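Taken in sequence, the protein lines are chains T and N. Residues in the first sequence are numbered from 1 upward in steps of one, following the authors' numbering. Residues in the second sequence are numbered from 398 upward in steps of one, following the authors' numbering. Even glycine gets a Cβ: it sits at the ideal position worked out from N, Cα and C. What follows is one structure encoded as structure tokens, with my remarks underneath.
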Amino acid sequence: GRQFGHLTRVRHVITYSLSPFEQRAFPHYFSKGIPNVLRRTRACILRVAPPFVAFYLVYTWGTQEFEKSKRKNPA
Amino acid sequence: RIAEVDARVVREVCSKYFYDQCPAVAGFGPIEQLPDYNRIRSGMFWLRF
């Protein structure tokens, strides 16, 4: 397949990296991670939730109706 | 001082300063094929040793 050195052309970009034995693996896990999780939750709740809410309502209505239909009516 | 140096001294001093140490790397130019830092660091020891 493709190989490093033949992918594309890049100019004027500097990258600074630090050794893994020099830094923390969990530096701000809770102090920064939880706000970001809430951000992503807010960002996607309106896209994901309403379909499954519609499913939940159709599920409960259909089950209630099926339960009531099996019970007989006078006359 | 030079005459004192033999093979054993070289193996000990080199192991003291090279083996399983974190290097500093500087690259300039078309360096797309320059290996990732993790791969360079893994190159500083031998699983056979």
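For this session: Look at the Cβ atom of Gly5 of chain T, then the Cβ atom of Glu429 of chain N, and state whether they are nearer than 7 Å.
Result: Yes, the Cβ-Cβ distance between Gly5 of chain T and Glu429 of chain N is below 7 Å.
Please report how far the alpha carbon of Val58 of chain T lies from the alpha carbon of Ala49 of chain T, in whole angstroms.
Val58 of chain T and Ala49 of chain T: Cα-Cα distance of roughly 14 Å.
**Asked** Name the residues in the stretch 412-440 of chain N whose C-beta lies less than 8 Å from a C-beta of chain A; which are they?
**Response** Among the chains of the structure shown, chain A does not appear; the protein chains present are T and N.
Item checked: Proximity winner among T:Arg71, T:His12, T:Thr8, T:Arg47, relative to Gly424 of chain N (alpha-carbon distances) -> T:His12
Within chain N, the residues that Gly1 of chain T reaches when beta carbons sit closer than 8 Å: Those do not exist, as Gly1 of chain T stays about 15 Å from chain N at its closest Cβ, beyond 8 Å.
field: Reduced DSSP secondary structure (H/G/I, E/B, other) of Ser439 of chain N
entry: Under the three-state reduction of DSSP output, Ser439 of chain N falls in the helix class.
Which residue marks the beginning of the alpha helix (DSSP H) containing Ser69 of chain T, and which one marks its end?
33-70
Worksheet item: Rounded C-beta distance between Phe21 of chain T and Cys419 of chain N? I'm assuming under 8 Å.
Response: 6 Å
*Identify which residue in T:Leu7, T:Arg40, T:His28, T:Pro27 has its Cα closest to the Cα of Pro427 of chain N.*
T:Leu7
Using a Cβ-Cβ cut-off of 7 Å, state whether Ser17 of chain T counts as contacting chain N. yes
* Asked: Is there a Cβ from chain N that is less than 7 Å from the Cβ of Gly33 of chain T?
  -> no
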